[PDB]
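Here you get one chain, nothing else, as structure tokens; it is the form deposited in one PDB entry.
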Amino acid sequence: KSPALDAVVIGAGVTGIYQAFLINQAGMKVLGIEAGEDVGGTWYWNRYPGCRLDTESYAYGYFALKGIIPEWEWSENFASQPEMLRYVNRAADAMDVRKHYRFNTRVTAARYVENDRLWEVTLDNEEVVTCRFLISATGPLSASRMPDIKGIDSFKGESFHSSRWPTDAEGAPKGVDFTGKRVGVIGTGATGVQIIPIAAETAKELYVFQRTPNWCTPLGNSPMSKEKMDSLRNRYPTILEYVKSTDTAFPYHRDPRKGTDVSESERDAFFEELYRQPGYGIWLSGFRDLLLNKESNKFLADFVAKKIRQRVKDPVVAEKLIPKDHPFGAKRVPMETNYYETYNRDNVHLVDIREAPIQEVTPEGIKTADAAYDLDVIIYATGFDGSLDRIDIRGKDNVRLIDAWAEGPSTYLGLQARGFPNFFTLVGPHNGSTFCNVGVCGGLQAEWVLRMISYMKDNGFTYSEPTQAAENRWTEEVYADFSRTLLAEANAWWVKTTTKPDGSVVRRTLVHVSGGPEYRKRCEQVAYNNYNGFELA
């Protein structure tokens, strides 16, 4: 029996529309499925106040760079979500991709039919579609869910989660004016950190509930003159080759020096100067051993801590905002606009919930182990888990994807897992998303998958699956690259260790950290050598 589609793509964010575009372009039949009303993914769903890029708008906008909408005009150096959402829509216009999608539609299950080499795709636990290939693009981050906190539904005031902020007919967020309300914000990752300073401008009082501080550095956002935009657009051919060559696809690359190759004075100037420069330079232009060597990371950590005490009046407030938990850059660094100067305000309080954990949410507000906080509003900036885990994906022998990866994700090329043939996992932590400029990384990985699909069609092949040897090898290499860096002991739960009954040890990182150009090259060695490592029939 023979599938109705060549490919189904789940997701209509930047990654998934580009992939769907590419397949219809190569003249094959594709069906996109999306949950939301429309294209956008991240830029469709997150509508919280202050939601902004951390990647230069000109560098994230691969669709402009690639010549699809090159005439696009960016209004700031780091676009806000509504502008981001307009960008994705215009790209969608140009690709003409929407007509290939079913919106308002959840994929509930996906099952591999080995007799027929195809995937049955279940829409809303109702309709079934068949495709030779299934491609997930379901996003590097999973879903809005309540945090694990008792009493949530009892609060008698307004309760927002950040990824589900209510909007008006215009699509703009509502209840953003907190005049004369007492507001609680839970979470200080990148989302909290964007929301807080804006919530502070109008709230009567504002309580920040923080389990662990992150390291955050200044965004340095500013408007984009028309002159600059034209200039950038003319240099798109160069910027593209440039972003294509850096390890993150950020327009930054590491300093060629070790930290100790300079004196203390010289490191200081170097740090001072980057710190004051917009964007991620402070992180991604740093010394080459910044994430490899404790002493090198301590230089910059110390420096950022100093900046934090400079910007925070109250010494005791400040030292709670400075991590000791962890090395600098060992998570994706939140970027901010006056985040620290918010806590200098009279009406703003930092609540340390490590020392005093939330005990529960109350019709009145919030209870910690040792105080109670009356609130008129609670905003849940509690972040995300993966996204595939919410679909019942079953491969050969009816094995669940979830069980296959219990001991850690296991793939070849971060793109297919053994047991799951003809299935591609685009953009996820396990193929690099965590530290990528995903506008670019995601786009390049889609074009590769398009190349493999086209090769299978051209040779009349209908079946692909990694061998066990090629999968074990890649997975051990991904782990090994990851162990050489500081993140390995930083993020204990990013590593799955299993000691199987036979008494053997398996190590897998949840997070792939190899450089992008080096990873794409290994992909191209594979593709050119007739997809050596995949079984093909």
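Only residues modelled in both forms are compared. Don't overthink the numbering: it's just position in the shown sequence, from 1. Rigid core: the largest C-alpha set superposing within 1.5 Å between the two forms.
- Missing-residue comparison: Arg145 falls in the unmodelled set for a third or more of the other PDB entries checked.
- The modelled chain breaks between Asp385 and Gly386, where 1 to 3 residues of the deposited sequence lack coordinates.
- Remark: stretch with higher mean C-alpha B factor among 151-159 and 252-260 is 151-159.
- Between 129-137 and 208-216, it is 208-216 that carries the larger average Cα temperature factor according to the deposited entry.
- Per the PDB record, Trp494 has a higher Cα B-factor than any other of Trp43, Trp474, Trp494, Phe63.
- Among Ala305, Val88, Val440, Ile353, the highest C-alpha B-factor recorded in the PDB entry belongs to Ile353.
- Sort the chain's modelled residues by C-alpha temperature factor and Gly419 lands in the lowest third, per the entry.
- Residue-level temperature factors show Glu56 in the lowest third of its chain, judged at the C-alpha atom.
- In this PDB entry, the Cα temperature factor of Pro237 sits in the bottom third of its chain's modelled residues, the lowest group.
- Ranked against the other modelled residues of its chain, the C-alpha B-factor of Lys331 as given in the entry falls in the highest third.
- Annotation for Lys324: CA B-factor lies in the highest third of the chain's modelled residues.
The form deposited in another entry exists for this protein as well; it is not shown, and the discussion that follows is about that form.
- Among the residues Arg233, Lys367, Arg288, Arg145, the single one whose Cα moves by at least 2 Å between this form and the one not shown, once the core is superposed, is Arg145.
- Core-superposed comparison between this form and the one not shown: the C-alpha position of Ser136 differs by less than 2 Å.
- When the rigid core is held fixed, the Cα atom of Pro421 travels less than 2 angstroms between this form and the one not shown.
- Relative to the superposed core, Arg267 shifts its CA atom by less than 2 Å between this form and the one not shown.
- In the other form, the CA atoms of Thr434 and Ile23 draw together by 3 angstroms or more relative to this form.
- In summary, the C-alpha positions of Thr434 and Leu134 converge in the other form, ending up at least 3 angstroms nearer each other than in this conformation.
- Segments of 3 or more consecutive residues in which every C-alpha moves by 2 Å or more between this form and the one not shown, counting only residues present in both forms and fitting on the core, are 144-146, 428-430, 432-435, 489-497, 507-509.
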